[PDB]
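Chains as they are written, first to last, in the deposited numbering: chain B, 20 to 70, 89 to 138, 164 to 335, 345 to 437, 446 to 459; chain G, 672 to 839; chain U, 1 to 122; chain A, 511 to 668, 678 to 712, 722 to 765; chain L, 1120 to 1176, 1187 to 1243, 1254 to 1286.
From the three backbone atoms N, C-alpha and C, an ideal C-beta is built for every residue, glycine too.
Written out below as C-alpha cells is the structure these notes cover.
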Amino acid sequence: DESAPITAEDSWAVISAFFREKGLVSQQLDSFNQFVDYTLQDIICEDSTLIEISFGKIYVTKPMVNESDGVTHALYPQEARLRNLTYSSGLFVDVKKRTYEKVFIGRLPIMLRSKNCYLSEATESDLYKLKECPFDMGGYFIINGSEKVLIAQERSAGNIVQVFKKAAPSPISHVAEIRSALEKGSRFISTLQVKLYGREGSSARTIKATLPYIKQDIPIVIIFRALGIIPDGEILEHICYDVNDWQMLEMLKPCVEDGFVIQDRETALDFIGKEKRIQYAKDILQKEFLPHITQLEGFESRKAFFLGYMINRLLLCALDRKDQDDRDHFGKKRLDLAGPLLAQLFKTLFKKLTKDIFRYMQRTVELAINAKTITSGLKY
Amino acid sequence: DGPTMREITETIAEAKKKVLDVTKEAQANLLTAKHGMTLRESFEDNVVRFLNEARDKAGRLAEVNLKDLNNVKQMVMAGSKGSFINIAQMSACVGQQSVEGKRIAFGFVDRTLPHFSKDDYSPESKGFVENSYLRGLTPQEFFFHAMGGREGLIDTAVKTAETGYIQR
Amino acid sequence: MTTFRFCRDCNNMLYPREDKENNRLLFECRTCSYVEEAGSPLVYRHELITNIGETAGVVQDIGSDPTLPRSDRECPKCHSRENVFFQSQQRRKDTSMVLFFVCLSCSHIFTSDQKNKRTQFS
Amino acid sequence: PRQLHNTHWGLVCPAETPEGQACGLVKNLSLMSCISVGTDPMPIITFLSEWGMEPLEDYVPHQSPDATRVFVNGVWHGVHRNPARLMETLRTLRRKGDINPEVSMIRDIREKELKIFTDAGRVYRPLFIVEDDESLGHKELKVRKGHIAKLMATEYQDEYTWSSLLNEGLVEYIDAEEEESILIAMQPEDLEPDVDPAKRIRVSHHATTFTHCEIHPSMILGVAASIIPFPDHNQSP
Amino acid sequence: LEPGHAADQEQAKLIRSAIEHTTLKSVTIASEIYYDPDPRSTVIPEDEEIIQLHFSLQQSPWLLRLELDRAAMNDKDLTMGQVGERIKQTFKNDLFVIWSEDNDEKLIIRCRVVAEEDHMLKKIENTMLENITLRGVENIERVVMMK
Ligand SMILES: [Zn+2]
Ligand SMILES: [Zn+2]
C-alpha cells in the first residue's frame, strides 16, 4: 500500500537519493556557481560608472591558456596539473564609452567541477580519456599545478542583536551589539553598541550608545532627538512597548535626565560635534549608523524604532527577564566559502582596476587596462 | 551474567525514581535549599549524586561476577591496566556526562537538543548515559558524551602547555 | 506599581514637587510650566524579590508552539485536561523550579507551587 | 569557541577534529549538512506587506499589543496581527517550492517574533516533515513507503529525485536558528505509535507535537567518523 | 572552635552567625518612597499602629519605607531592633528611623531625611541596601559547618 507509513530501514533510500544528487562537496560547487552566475555580475555594477565609461554584462569563457610561440589553447585539469598551469577561464567585460566633459580583464581560476569546468558535463567514459578519475569529487582549484582548497571561514553572523553581560571590574554591566553589514555593495562593518553604565546598586544607571566616527558615547535620549523624536514618552514608546511595565520604565527615568539638556533636533544633531558639525551628524545617522535597513534619507523612524528595540532587549537582560545571548550558538554564525571569499577579493581588485582606468584618463589630456591586476590578484 | 544485567537495569531504574521524586518535590516547591546554595543548585547537586551513586553500584555489581578467569579482572588484579571505572563503563553503565562541572546545559533555548521539550531536567535530557560501551550509546547519548570527551581533549591540551611552562 | 504620568501639551515627563501650604503631591513638567495633582502618594517602588516575569510569553497561540511540554491536569476553572506548562520565565539564579500551566481551553494560568502567594500571577 | 556546542547537532561532526592545537577551532561538516548560498529578500519583503506586515512607519505600540514584529535578514520591517495564518502560508510556499528552500523562518511565539533569513553561509540540514494532516491515525511523516519504491525505482534504472522529495513537501532544510522551534523525532518507526535484554535501553516517544523526524541519526557524523565501525560502543575521544 | 568547645553543635552556630556577612538586601522584600507630609498620621493605613505606638516607655515630608521578609529574618539571627538600630547608627544624627516590632504581622521600617529629597531618599536607599552590614564580617560570604 503506497500510502502506508515507513520504517527506519527505508530512510537509507532517502539518503542514496540525497547523495545521488548533491555528492559530498556541494557546499563547494554551489557556493562557487552562485559567485560566477550572480555574485560576479553584481560586483561589476556598483562604483563602475566613472566621472562616462560604464560596465555592462560579464562573460566567462571556459579554461584557456595564453602561451608564447602559440595561440590560445583549451586547458584542462590534467594539463594544468602537469605543466603547473593555473586552470582559469576567460573573463570579458562589456564597456560603454559615452563621453562627459567586448573588453578583456584578468582570468578567473575555476572550481574543478562547477558549471564551467569541462568536467561538469563529461560522462564516465569521457573522464577516462581526459585522464581524470571518475571518482574525483573536485571542489578545488588548480593553481601553478597544485590543487588548492579554500577552507570554510567561520564568522559570527551580522545584522543580529545580541546582549552580553560584562565582567564585574568594568564600568559597564550590559551591552547590546549589532554587526551591521550590507549584504551587497561595499559591505561596511561598523558595529553599534548600546551600553548601560553602572551596575546593580549604582546611582543613576544611564544608557549611552557608541556611534562610529564619533569620539564619545551619546545618551539614547539625545540620539532619539537627533532622529526627530523629541518628547519623552514618544521616545519611551519606542523603547517600552507596554505602559504597565513600571520596572522597565523606572529604569529609563535616569535616561530622560541625561537629555534634559537638549530639547530639540537642532541641538540633538549639533551635540555631536555650528554648521560644520550638524551636517556631519545627519550624514552619520544616515549612512554610518544602523546602515543595514537603509542608508537613504527618509527612513529615520524605521531606525528610531530599532534603536528602541535594542534598548529593550538590553533592559530585559538587566531585569533578569531574559538570559544573556549565547555567543556559541551556531545559528548566529556563518561560514564564508569559496564563493563569498573570492567575492571579497574580486571587489578589492576590481576597485583598483577602476581606480587605475581613471588615472589612465587623468593623465591623458588629448586597451589601457592592466589585466594583470585581476589575474595576479586572484592567483597570489 | 544475565541476572547481573537485571540487577543493574533496575539499580538504574530506581536511581531514576529518586531523580523523579526529587523533581516532583521541587516542582511543588517543597525543596529546601542547602546553606549558601540555590534551590536550583542543591537540586542539581542532589540529582548528580543520585546518578554517580547509581553508576558506582551498577559497576560493583558488574565487577563482582567477573570470574577469576575474566581476563580483564586478571589485568586489574595484577595491576597492569584496568580499573573499576573501566569495567564499570564497559560492562555496566557508562555514566553521567558533564562539562564545566555540570550536566549538559541548555545550549538550545530551555533545552538540550531539539528532540526534547523545554524545561526538561530529567537524566535522559541533561546528560545521563544509562547504557554501557558493550550495549552501545543512543544518538542523544553519543552526542553529550561527545561534548564531554571533548572537554577532556581541550584542557588536556591546556594542562599540557601550562605545565610545560611551569616546569621550565 | 508606580505608574508615572506625562505633561499634557509638551508630552514630556512629570516630576514630583511639594505644596508646603496644603501638604499634597504635585507633579510638574520642568520643560515648560505645566502642573497637576498626583493620583497616589507612591513615588518609588524597588522590589528586590520581584515576581513579574514568571508569567511571560503567555500569548493566545502558546498552545500551538510544539517545544512546550504537556501534562493532563484540571485548572481550577474549566476542569479541562489540555495544559501546556513551563518553569518560571525569570532567568535568575534563585528562581524556583515551580511549574506554570496554561489551560488551553480557558486560557487560565495555574501553578504547582504549593505555596501560591500570587493572586494575579505576574 | 572550541567546545562541542549543542547546536552543532547534525551540522558539524561531533567527533572529527584535530588534536590539541586547533582542537575545536577546526571543524568538519556532517554528511547531510549544506550551506545557504544566498537569495533575493526583496520579493518576500514585498509579499509580507501584502498579507498584514502593517508597516513599521505607523506602528502604535500602545494601540497594537498582541501583534508580532517581523524581521527579514536582521531588518525590522514591521508589525503583524494574526501571524498564525501568515506562517502557514510561507510554510507551504517553501514546500511548494515557491520560497527558496534555503530561506529559514522562525516564529518565537512566546517572544512574539517572526524572523526570516536569506543570508548566505547559514549551515543547515534536511529533516523529514511529520505534519499530522491525517484522518486515519495520529501524526505521521508525509513520506510513505510508496514514495520510497518510487525512489528505489529511480536507482534501479541505473525520474524521482531528491529535489522531487523537496517540492512535494516531504522534506525541508532547517538551520540552527529555525531548529529552536521544532520537535524532532529520532527514528520514524519506534517513535510514532519481552524486550531483548541484549539491546540498548532507549527512552520513549512521549510526543504528540512532533514536527520533524531525523532522516537517520548516524547522519550527525562527518566523513572520517562515518568510517568507524560501532563508534557508539567506543569511548568518546 | 575554642578548645573546650568543639562539640557544641550550637556554638558552631553562634560563630558562623557572627562571621557570615549579612546585608540588609538579603532580608528586604521591597523599598518604597511615599509622599507622607504629616508625621502624625500615615497615608498608608497599615502603619497606623506603628506611628501611634512610637511614644511609649526637623523631619521631611518624604518617606522611605522598607518591608522585610519574616522568613529571611527568623533564619538569620535577626530582629527588627537589631536591624533598625544598625541602620539608625549608620546615619547617626540626621535620619529618623522607625520600625514595627517583631510582634506585628508585617516587618517594616520608615525613614526620613532631616529642596531635592526624592534624590537623597534614593542615594540613601542604595547605601542602605548595599553598604549597610547587619551581622558578620565583609568578604565572608558563605559559611558551612563540618564535623
Ligand atoms: Zn510641558
Ligand atoms: Zn480552564
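Starting from residue i, follow its DSSP beta bridges and name the residues at the other end.
i	result
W1191(L)	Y1154(L)
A1149(L)	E1196(L)
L258(B)	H236(B), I269(B)
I204(B)	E209(B)
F627(A)	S614(A)
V580(A)	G588(A), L624(A)
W561(A)	None, per the DSSP bridge assignment.
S91(B)	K133(B)
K227(B)	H236(B)
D722(A)	Paired residues: none, contrary to the question.
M13(U)	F6(U)
Going by Cα to Cα distance, which pick from the options is closest to residue i?
i	options	result
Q531(A)	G778(G), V829(G), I756(G), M676(G)	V829(G)
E194(B)	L181(B), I204(B), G379(B)	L181(B)
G766(G)	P810(G), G798(G), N741(G)	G798(G)
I1152(L)	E1255(L), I1138(L), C1240(L), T1142(L)	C1240(L)
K20(U)	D1155(L), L1193(L), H1124(L)	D1155(L)
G656(A)	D427(B), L367(B), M381(B), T26(B)	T26(B)
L539(A)	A525(A), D550(A), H733(A)	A525(A)
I70(B)	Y137(B), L424(B), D56(B), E371(B)	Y137(B)
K727(A)	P794(G), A763(G), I837(G)	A763(G)
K652(A)	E621(A), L689(A), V723(A)	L689(A)
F86(U)	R30(U), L68(U), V35(U), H79(U)	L68(U)
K77(U)	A38(U), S107(U), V43(U)	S107(U)
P553(A)	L624(A), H572(A), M662(A), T628(A)	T628(A)
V43(U)	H79(U), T2(U), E36(U), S80(U)	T2(U)
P528(A)	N516(A), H518(A), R512(A)	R512(A)
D391(B)	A414(B), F226(B), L408(B)	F226(B)
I758(G)	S751(G), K744(G), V770(G)	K744(G)
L684(A)	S35(B), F421(B), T419(B), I240(B)	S35(B)
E89(B)	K451(B), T425(B), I251(B)	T425(B)
residue 127(U)	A1125(L), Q1211(L), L1195(L)	Coverage of chain U is limited to positions 1 through 122, which leaves residue 127(U) absent and any answer about it impossible.
Under the criterion of a Cβ to heavy atom distance below 7 Å, does residue i qualify as lining ligand 3?
i	result
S112(U)	Of the ligands one can find in the structure shown, namely ligand 1 and ligand 2, none is ligand 3.
Are residue i and residue j close, meaning C-beta to C-beta below 8 Å?
i	j	result
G200(B)	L174(B)	yes
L331(B)	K353(B)	yes
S764(A)	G730(G)	no
residue 721(A)	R635(A)	There are no coordinates for residue 721(A) in this structure, because the numbering of chain A runs from 712 directly to 722.
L446(B)	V165(B)	yes
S50(B)	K99(B)	no
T680(G)	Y792(G)	no
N1265(L)	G263(B)	yes
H590(A)	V582(A)	no
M542(A)	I743(A)	yes
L406(B)	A214(B)	yes
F101(U)	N83(U)	yes
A271(B)	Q255(B)	yes
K773(G)	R782(G)	no
Problem - Contact set between the segment 806 to 829 of chain G and chain A, restricted to residues whose Cβ is under 7 Å from the partner - result: Listed by position along the chain: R806, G807, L808, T809, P810, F813, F814, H816, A817, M818, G819, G820, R821, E822, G823, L824, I825, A828.
Exercise for the section: Report the residues of the segment 709 to 728 of chain G with a CB closer than 8 Å to any CB of chain A, ordered along the chain. Expected result: none
Handout entry: Interfacial residues, the segment 41 to 68 of chain U to chain A, with Cβ spacing under 9 Å
Key = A56, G57, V58, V59, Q60, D61, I62, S64, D65, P66, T67, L68
Problem - Any heavy atom of ligand 2 nearer than 6 Å to the CB - residues listed - result: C75(U), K77(U), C78(U), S80(U), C103(U), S105(U), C106(U), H108(U)
Exercise for the section: Quick one: residues with CB closer than 5 Å to any heavy atom of ligand 1, in chain order, please. Expected result: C7(U), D9(U), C10(U), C29(U), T31(U), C32(U), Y34(U)
Problem - Cβ-based contacts, 8 Å cut-off: residues of the segment 5 to 22 of chain U near chain B - result: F6, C10, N11, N12, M13
Problem - Against chain U: residues of the segment 581 to 595 of chain A by CB proximity under 9 Å - result: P593, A594
Practice task
Check each residue of the segment 616 to 650 of chain A: if its Cβ is closer than 8 Å to any Cβ of chain G, include it; give the result in chain order.
Solution key: none
Practice task
Check distances from the C-beta atoms of the segment 380 to 391 of chain B to those of chain U and list, in chain order, the residues that come in under 8 Å.
Solution key: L390, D391
Exercise for the section: Quick one: which residues of the segment 247 to 277 of chain B get their C-beta closer than 7 Å to a C-beta of chain L? List them in chain order. Expected result: Residues passing the 7 Å Cβ filter: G263, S265.
Handout entry: Residues of the segment 73 to 91 of chain U whose Cβ lies closer than 8 Å to any Cβ of chain B, in chain order
Key = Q89, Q90, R91
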